Each structure stands twice: as structure tokens, then as C-alpha cells.
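Have a look at the structure below, then the notes.
Protein chains: 2
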Amino acid sequence: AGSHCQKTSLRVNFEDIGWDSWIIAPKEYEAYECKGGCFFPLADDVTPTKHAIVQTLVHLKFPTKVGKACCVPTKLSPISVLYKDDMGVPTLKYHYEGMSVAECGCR
Amino acid sequence: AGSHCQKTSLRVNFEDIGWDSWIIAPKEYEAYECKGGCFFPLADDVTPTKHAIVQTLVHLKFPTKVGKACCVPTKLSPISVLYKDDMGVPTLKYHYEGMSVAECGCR
Numbered sequence: 004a005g006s007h008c009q010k011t012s013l014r015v016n017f018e019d020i021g022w023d024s025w026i027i028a029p030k031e032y033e034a035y036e037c038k039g040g041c042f043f044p045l046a047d048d049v050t051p052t053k054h055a056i057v058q059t060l061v062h063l064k065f066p067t068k069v070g071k072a073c074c075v076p077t078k079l080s081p082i083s084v085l086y087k088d089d090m091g092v093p094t095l096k097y098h099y100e101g102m103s104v105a106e107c108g109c110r
Numbered sequence: 004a005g006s007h008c009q010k011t012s013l014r015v016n017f018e019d020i021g022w023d024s025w026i027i028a029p030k031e032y033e034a035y036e037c038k039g040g041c042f043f044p045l046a047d048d049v050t051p052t053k054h055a056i057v058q059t060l061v062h063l064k065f066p067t068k069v070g071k072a073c074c075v076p077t078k079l080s081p082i083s084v085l086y087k088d089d090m091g092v093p094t095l096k097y098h099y100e101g102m103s104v105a106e107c108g109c110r
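This is the structure in C-alpha cells:
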């Protein structure tokens, strides 16, 4: 094998990130994260874009002058949050988009 | 201001990256790259996903245990390439997708 950009656990506490004046509930959620490398040889269990492949090759050849491809979320999922509105009313946002990692990849 | 994830020049030579047995022309192309940081405060000239914002906050708080959001291509464009087929014939691939950066963002 070789490199392994993959989804791993990341639990986030809203108070810790300064959002608790606005997000009442939940207190914490599973955001996940993408970690691991993008270097050859790759996983036959993912697909980078051609640009990521190109950049990976150039980085191997000229490491000081172009950076690596980066392991990032390529698809995200919503969560539900209970938030204080402007009239100060607790309101359910049923699908708060872009909150949790669904898929990771090299980009 | 603050962080600045942005598109910058990156010219790529196909021979240098080992592709010249397959790509006859062009010899080089403008792939571009995305460089710069994803840290607060952000550009009012881009939009990260909520997960990137969340991860940026957690990284600020707990830097040794979650990594930063990463500046990556968020949209790509094709180029035309002249390639040797299997019968060894030079053939135009008019839109070879995913080859050049169109837009960058923090993810």
C-alpha cells in the first residue's frame, strides 16, 4: 500500500468553538475530519482529480516549490441544530448543511 | 486582512512528470495551483464550507490534535491534449477534464 486519506472521528463542542450563544443544542456533534496523505501510490479506494495527480507528481519532483495535494472533505452532510433566532426564540434548523464529513479525497 | 487562499501560476512540463510517452502535445501547460492559508479572519472574497470554518476553530483551540482547513482547488477546467492511443495514433482529446484550477477555496 501507500497513502491513506480517510474519514476519521472528530467530535466538536459548540461552546469550545464560541458558538453556544447561538447554538443551544446539541452541545457536541460528530463533525468527522479527513486525515492522511496524498502521495503515490494511492488508494484504489478513492479518486483524486487529475489536477491532484498532476500536483502530486510535480511536488515529488520539485518539493520546495509546489506543495502536496491535500486530503479534504469532498462531500458533506447536514445536522439538525436548535438555534436562538433574532427574537431570541429557540428554532429548529432541520438540515444545517455542510456540517459533517461524508467523504474524503485528495484535491 | 488575514488569510488568503488564492489561485497562482503553476506551469507543468509533461516530460518532467513522466507523461510524455502518452501526451505528445502540448509540452507544457498552465495547471495553476491554490496557495495561501485558511485562518481567521477570512477573505470576504470566498466562501468556505461550514465544516472548514468549524475545523479552523477547533484547530485554533486544539492545534496539536486537529489540522487546519486546507486551501484547495474547488473548481477545475479542461485542457486539450494530443495523445498516443493504443494503436499508437495521435488523437485529440478536446476536453481533458480536471486539468487546470478554475477556483480555490478552504475545505
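Sequence lines, in order, name chains A and A'. A prime marks a further copy of an entry chain. Each number in the deposited numbering comes from the position in the first sequence (counting from 1) with 3 added on. Each number in the deposited numbering comes from the position in the second sequence (counting from 1) with 3 added on. The C-beta atom is built at its ideal place from N, Cα and C for all residues, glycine as well.
Alpha carbon of residue i to alpha carbon of residue j, nearest angstrom
| i | j | result |
| --- | --- | --- |
| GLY70(A) | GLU31(A') | 19 Å |
| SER12(A) | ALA72(A') | 16 Å |
| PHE65(A') | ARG14(A) | 12 Å |
| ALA105(A') | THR50(A') | 15 Å |
| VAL84(A) | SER103(A) | 13 Å |
| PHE43(A') | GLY5(A') | 6 Å |
| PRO29(A') | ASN16(A') | 9 Å |
| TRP25(A') | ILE56(A') | 41 Å |
| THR52(A') | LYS87(A') | 40 Å |
| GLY91(A) | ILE27(A) | 11 Å |
| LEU45(A) | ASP48(A') | 33 Å |
| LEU79(A') | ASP89(A') | 27 Å |
| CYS74(A') | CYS74(A) | 10 Å |
Where residue i meets chain A, residues with beta-carbon distance less than 7 Å
| i | result |
| --- | --- |
| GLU33(A') | Residues of chain A passing the Cβ test: none, with the nearest at roughly 11 Å. |
Interface partners of residue i on chain A', CB under 7 Å
| i | result |
| --- | --- |
| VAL75(A) | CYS73, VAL75 and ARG110 |
Integer Cβ distance of residue i from residue j, believed to fall under 8 Å
| i | j | result |
| --- | --- | --- |
| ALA34(A) | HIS7(A') | That belief does not hold up - the Cβ atoms of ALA34(A) and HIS7(A') are roughly 25 Å apart, past 8 Å. |
| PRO81(A') | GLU100(A') | 5 Å |
| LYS10(A) | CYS109(A) | At roughly 13 Å, the Cβ-Cβ gap does not stay under 8 Å, so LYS10(A) and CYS109(A) are not in contact. |
Contact set between residue i and chain A, taken where Cβ atoms lie within less than 8 Å
| i | result |
| --- | --- |
| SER103(A') | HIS54 |
| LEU13(A') | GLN58, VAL61 and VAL69 |
Partner residues on chain C for residue i, Cβ-Cβ distance less than 7 Å
| i | result |
| --- | --- |
| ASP19(A) | Here the protein chains are A and A', and chain C is not one of them. |
Assigned exposure category for residue i - 16 Cβ within 10 Å defines buried
| i | result |
| --- | --- |
| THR67(A) | exposed |
Proximal residues of chain A', C-beta to C-beta of residue i below 8 Å
| i | result |
| --- | --- |
| residue 1(A) | Only positions 4 to 110 of chain A appear in the structure, and residue 1(A) is not among them; the question remains open. |
| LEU79(A) | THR52, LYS53 and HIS54 |
Heavy atom of the ligand ADP within 6 Å of residue i beta-carbon
| i | result |
| --- | --- |
| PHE43(A) | The ligand ADP is absent from the structure shown, which contains no ligands of any kind. |
Within chain A', the residues that residue i reaches when beta carbons sit closer than 9 Å
| i | result |
| --- | --- |
| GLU36(A) | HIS54, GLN58, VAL61, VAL69 and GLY70 |
field: Sufficient close CB pairs (3 or more, under 8 Å) joining the region 6–20 of chain A' to the region 54–66 of chain A
entry: The region 6–20 of chain A' is in contact with the region 54–66 of chain A.
- request: Evaluate contact between the region 93–102 of chain A and the region 36–54 of chain A, counting only Cβ atoms and requiring at least three cross-stretch pairs below 8 Å.
  value: Using a C-beta cut-off of 8 Å, the region 93–102 of chain A makes no contact with the region 36–54 of chain A, since fewer than three inter-stretch Cβ pairs fall below that distance.
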